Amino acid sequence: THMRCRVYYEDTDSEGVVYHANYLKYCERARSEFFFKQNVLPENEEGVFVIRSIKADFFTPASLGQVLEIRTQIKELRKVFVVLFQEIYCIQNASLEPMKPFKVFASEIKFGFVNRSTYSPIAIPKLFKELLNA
């Protein structure tokens, strides 16, 4: 259940918290791992997913050594696009002292599926549709 990410030096900035764009990387890993875990890449012989839009809110900033949990759900799945909701919670600190998980970031992201050359909108592959549903 879910994906867990450790916050490393590479993820932090001079303020001592995770650099804002890195939360998007964590969300991306979560999405791709769903495919990797079914032994496939999130792309196929004549199509690829393309991000259309993101809505993101920032909550308590994460910091070095914390373990973050990325929670993913399908908001909406159509023939031509999918919208995902992803939330990130800090679930552990580096000291492994007891803590109530706290929200760090949330996003809603819309993806289309397109041909590589043309970049024209095509249907999400049936196999990927099934995987998303699950």
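Numbering starts at 1 and runs along the sequence shown.
Visitor: With reference to the PDB entry, specify whether the mean Cα temperature factor is higher for 109 to 117 or for 20 to 28.
Guide: Per the deposited B-factors, the answer is 109 to 117.
Visitor: Using the B-factors recorded in the PDB entry, average over the C-alpha atoms of 118 to 126 and of 8 to 16, then report which stretch comes out higher.
Guide: In the deposited entry, the stretch with the higher C-alpha B-factor mean is 118 to 126.
Visitor: Check the PDB entry and point out which of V83, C90, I54, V48 has the largest C-alpha temperature factor.
Guide: The C-alpha B-factor peaks, among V83, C90, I54, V48, at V48.
Visitor: Pull the Cα B-factor of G65 out of the PDB entry and bin it into the chain's lowest, middle or highest third.
Guide: Its C-alpha B-factor, which the entry lists for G65, ranks in the lowest third among residues of this chain.
Visitor: Sort the modelled residues of this chain by their C-alpha B factor and say whether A94 lands in the lowest, middle or highest third.
Guide: Middle third of the chain for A94's C-alpha B-factor.
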